[PDB]
Amino acid sequence: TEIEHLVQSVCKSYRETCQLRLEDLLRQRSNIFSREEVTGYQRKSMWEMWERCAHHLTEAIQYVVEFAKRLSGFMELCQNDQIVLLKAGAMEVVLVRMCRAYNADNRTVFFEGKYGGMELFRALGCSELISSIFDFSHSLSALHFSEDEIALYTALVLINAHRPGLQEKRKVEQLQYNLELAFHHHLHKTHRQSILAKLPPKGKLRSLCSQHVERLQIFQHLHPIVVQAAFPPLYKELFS
Ligand SMILES: O=C(O)c1ccc(-c2nn(C(=O)c3c(Cl)cccc3C(F)(F)F)c3ccccc23)cc1
Ligand SMILES: CC(C)CCC[C@](C)(O)[C@H]1CC[C@H]2[C@@H]3CC=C4C[C@@H](O)CC[C@]4(C)[C@H]3CC[C@@]21C
């Protein structure tokens, strides 16, 4: 029963920190940016679009930081390992969470109140990277992740004892094994083990995420935003 409590605890932590409600996102799908509104975004300076997207991305990260802080055992890890896992994993989770806000039928994402395609972001001059991010969401879309599946999967994205730099590797392994059992137990209970063979290769998410964060650090270097840090040790690593 300790595992069934873990399943419930992870799904609750996700429910409290998912940022956008799935029902709102599904019902808002017919609300799509017009030709004119899309041109309004394309005409904004790179630096204004950077400011908008940087702040949306930091805020999304902060919801993932909160999600992690409510996973059982995460806070009992030493602070160095908290940073290690979140630095490597929190943006991976944001990229996974994107698929809920992404409509595969027209290849649009929910952005500032409406759905728009990737050409909304033309002014940023990162079409290849942004296209990669949209492609990743598109492939995740085919799984039709339930809310509980995405809760358990993104927990496992964070709690990964293979991250370089961990000090108490055994403690992370214990949490990881419990979450893996929780995930696999729940998939069996719901007759959804078929998604296992369809999850993305682990190297794919890490590769895409490194390219994403790389571009973000280049913008941040040219045009630094600042936010009130949720997790200052983690913040002061990437922004300072
Ligand atoms: O509130 C905080 O404590 C906090 C808030 C955000 C992060 C965090 N930002 N980030 C970025 O890539 C980022 C973003 Cl999203 C926007 C602008 C600039 C950046 C950059 F400078 F780091 F490149 C991350 C990547 C991976 C993991 C955690 C984070 C960390 C901590
Ligand atoms: C600086 C550039 C790399 C900007 C990247 C452009 C993207 C890929 O075009 C970004 C811009 C804003 C991002 C979104 C900001 C916030 C959210 C809410 C979160 O719950 C899911 C991800 C989601 C929906 C993000 C998905 C990726 C987006 C939609």
Side-chain angles (χ1 to χ4, degrees), residues 14-15 17-22 24-25 28 33 38 41-42 44 46-69 79 82-103 107-138 140-141 145 147 150-151 154 157-158 163 205-206 208-240:
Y14 180 73
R15 197 172 174 188
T17 67
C18 58
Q19 189 178 10
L20 310 171
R21 299 182 50 245
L22 185 59
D24 298 344
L25 293 161
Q28 275 280 72
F33 283 115
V38 166
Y41 277 112
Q42 292 176 325
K44 297 178 174 304
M46 167 180 289
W47 313 114
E48 175 184 347
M49 281 302 283
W50 161 241
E51 285 170 16
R52 292 181 184 256
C53 293
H55 279 109
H56 297 313
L57 283 167
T58 57
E59 171 163 6
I61 287 288
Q62 290 175 341
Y63 276 90
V64 176
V65 172
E66 191 58 41
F67 169 68
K69 277 181 159 164
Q79 198 179 62
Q82 289 177 22
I83 304 162
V84 165
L85 301 179
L86 281 170
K87 182 182 185 177
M91 183 60 69
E92 288 181 10
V93 170
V94 167
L95 284 184
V96 165
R97 284 174 163 217
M98 180 174 163
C99 77
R100 302 160 79 246
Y102 173 87
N103 180 8
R107 296 188 162 270
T108 60
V109 68
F110 190 73
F111 180 79
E112 297 189 338
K114 296 191 174 188
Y115 281 85
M118 63 171 277
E119 73 282 0
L120 205 67
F121 306 98
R122 198 175 69 187
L124 292 169
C126 310
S127 66
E128 61 311 291
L129 167 67
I130 291 173
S131 192
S132 293
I133 295 171
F134 271 63
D135 287 355
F136 182 75
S137 251
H138 196 69
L140 285 190
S141 278
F145 271 138
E147 289 293 281
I150 220 184
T154 54
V157 170
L158 295 170
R163 303 302 196 184
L205 179 52
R206 165 184 81 244
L208 172 65
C209 177
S210 8
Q211 293 158 2
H212 188 211
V213 177
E214 277 188 48
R215 177 58 40 178
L216 291 178
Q217 292 183 307
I218 297 186
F219 276 113
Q220 181 60 17
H221 179 77
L222 297 159
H223 201 102
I225 64 139
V226 289
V227 285
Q228 192 64 244
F231 195 24
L234 175 69
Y235 177 79
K236 292 174 182 170
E237 184 129 342
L238 289 158
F239 286 76
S240 312

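Numbers here are sequence positions counted from 1. Counting starts at 1 for both ligands and their atoms, in listed order. Excluded from the calculations below are hydrogen atoms, water molecules and symmetry mates; all remaining heavy atoms, backbone and side chain alike, are included.
Protein heavy atom nearest atom 20 (O) of ligand 2, with residue, atom name and distance: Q19 OE1, 2.8 Å. Protein heavy atom closest to atom 2 (C) of ligand 2, with residue, atom name and distance, is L124 CD1, 4.1 Å. When hydrogens are left out, the protein atom nearest atom 11 (C) of ligand 1 is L216 CD1, 3.9 Å; that is the closest non-hydrogen contact. Here the heavy atom of the protein found nearest to atom 17 (C) of ligand 2 is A60 CB, 4.5 Å. Taking atom 7 (C) of ligand 1 as the reference point, the nearest protein heavy-atom neighbour is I61 CG2, 3.5 Å. For atom 17 (C) of ligand 1, the nearest protein heavy atom (residue, atom name, distance) is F239 CZ, 3.6 Å. Distance from atom 23 (F) of ligand 1 to its nearest protein heavy atom, with residue and atom name: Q217 CG, 3.0 Å. The shortest contact between atom 3 (O) of ligand 1 and any protein heavy atom is with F231 N, 2.8 Å. For atom 25 (C) of ligand 2, the nearest non-hydrogen atom of the protein is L57 CD2, 4.6 Å. Atom 22 (F) of ligand 1 has its closest protein heavy atom at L238 CB, 3.5 Å.
The distance from ligand 1 to the heavy atoms of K87 drops below 4.0 Å at these ligand atoms: 26 (C), 27 (C). With ligand atoms numbered from 1 in the order given, ligand 1 contributes 15 (Cl) to contacts under 4.0 Å with heavy atoms of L57. Here is the list of ligand 1 atoms found below 4.0 Å of a heavy atom in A54: 16 (C). For ligand 1, the atoms closer than 4.0 angstrom to any heavy atom of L86 are 27 (C). Against a heavy-atom cut-off of under 4.0 Å, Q62 is close to the following atoms of ligand 1: 1 (O).
In this structure, of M98, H56, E59, the residue bringing a heavy atom nearest to atom 15 (C) of ligand 2 is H56.
Ring planes of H56 and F111: perpendicular class, angle over 60° (limits at 30 and 60°). Taking the six-membered ring where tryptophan is involved, the planes of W50 and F219 are essentially parallel, since the angle between them stays under 30° and well short of 60°.
When distances from atom 23 (C) of ligand 2 to the protein are checked, no heavy atom turns up under 4.0 Å. There is no protein heavy atom closer than 4.0 angstrom to atom 28 (C) of ligand 2. At a distance under 4.0 Å, no protein heavy atom can be found next to atom 10 (C) of ligand 2.
No heavy atom of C126 sits closer than 4.0 Å to any atom of ligand 2. Heavy atoms of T58 approach ligand 1 to within less than 4.0 angstrom.
Summarising the local packing, CD of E128 is surrounded by more than 12 heavy atoms from other residues, nucleotides or ligands at distances under 6.0 Å.
The part of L216 lying near ligand 2 is the side chain, judged by heavy-atom distances below 4.0 Å. For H212, every heavy-atom contact with ligand 2 shorter than 4.0 Å involves the side chain, none the backbone.
For the pair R97 and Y63, the cation does not sit on the ring face, since its NZ or CZ is not both under 6.0 Å from the ring centre and inside 45° of the axis.
Here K44 does not pair with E112 in a salt bridge; the nearest charged N to carboxylate O distance is not below 4.0 Å.
Checked against a 3.5 angstrom limit, the closest N/O atoms of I225 and ligand 1 fall outside it. Between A230 and ligand 1, an N or O atom pair is found at a separation short of 3.5 Å.
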